[PDB]
């Protein structure tokens, strides 16, 4: 028989990651697990065909069933509009989903003992907690076509004072302008999730902002974190001999670079996006990073890879050129989603399966079978020969055989 899995929302994506997603389902998931699978095609063509409604439907399903696993998707700009003959420049599906669900996206490298790092000192993990809501990812931006005034206005619902602020008087020429925002409740949730994560690991917590420049906007993040620390977590931190500190973002990225690792890093939405790619690459590869959205309700999660659709590799695939794209992050999206589904349902056999999936990945790499990005970590990209790595399909096949043998040997 197969493992009885329960309800999981699956979102299919684009380009190289869509292909890998198909390989993962066929070789690693479907032969072993039967799921009540609620599938949503978030491929760019289906999003366009449905006027992006499929994205909103998917987010609602994640809230209902509490577990989503998402493949990387194209976020279109003008070049993608021309490529796919799109009706609109659709918004990022990740931004739409995260805007609805809220929460914190936690990202962490996937570590193999035989893979050298690019950053010499990082002997312990760095976990980024990326605030998943607002800021640049729900902004209202526009081109200023010529001379004129841009202003921003707040009108309270309760008929107290309305306030209009000058953004800029464009005296010559035009430019660009934007408004963005965040919400107190969302920032509070983000603080709680950061403090709880630090206590769960027994590691210090650092929050980064630029509150010397954005004194009101970023100052609010710093103030809410400090109030929540003092009122809810200071004594527990002191019990575990860990600390909480706010640092300016430019100081903090330098401190991270020279650290030994072993800390939680609470990042605003944009910083979390950018620095999670820097951290993933510092440890090894973007293909070796986990990403999980933990919603404030303590039960809903969305797992994904931190990287995109790997367009550059897909262009090689389209030309029939051999590719070696790392599928591990995509595989860990499935394993982390299934592990959460099993934790919610006390599903012992699914818990075992999800862990075995992750173990097979690490064991395969550490035994010396890997894609080109990891071979380059070991050898250096100049010294990498074709015999040092497997292409994407050979690697998927090797994982498939190693998983089959692990599940067989366990029963």
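Positions refer to the first chain, counted from 1.
Name the higher of the two by mean Cα B-factor in the PDB entry, 160 to 168 versus 211 to 219. The recorded data point to 160 to 168.
371 to 379 set against 29 to 37, stretch whose average Cα temperature factor tops the other in the entry: The entry gives the higher C-alpha B-factor average to 29 to 37.
Per the entry, which of 129, 121, 116, 296 tops the list for Cα B factor? Checking the PDB record, the top C-alpha B-factor among 129, 121, 116, 296 is at 296.
Taking the values straight from the PDB record, which of 324, 235, 94, 290 has the highest C-alpha temperature factor? The listed residue with the largest C-alpha B-factor is 235.
Please place residue 388 in the lowest, middle or highest third of its chain by C-alpha B factor as given in the entry. Residue 388: CA B-factor falls in the middle third of its chain.
Among the modelled residues of its chain, does the C-alpha B-factor of residue 230 lie in the lowest, middle or highest third? Its C-alpha B-factor, which the entry lists for residue 230, ranks in the highest third among residues of this chain.
CA B-factor placement of residue 307, once the chain's modelled residues are sorted into thirds: It falls in the bottom third of the chain.
Please rank the C-alpha B-factors of the chain's modelled residues and tell me whether residue 246 sits in the lowest, middle or highest third. Tercile = lowest for this residue's CA B-factor.
Chain third (lowest, middle, highest) by recorded CA B-factor, residue given as residue 272: Lowest third of the chain for residue 272's C-alpha B-factor.
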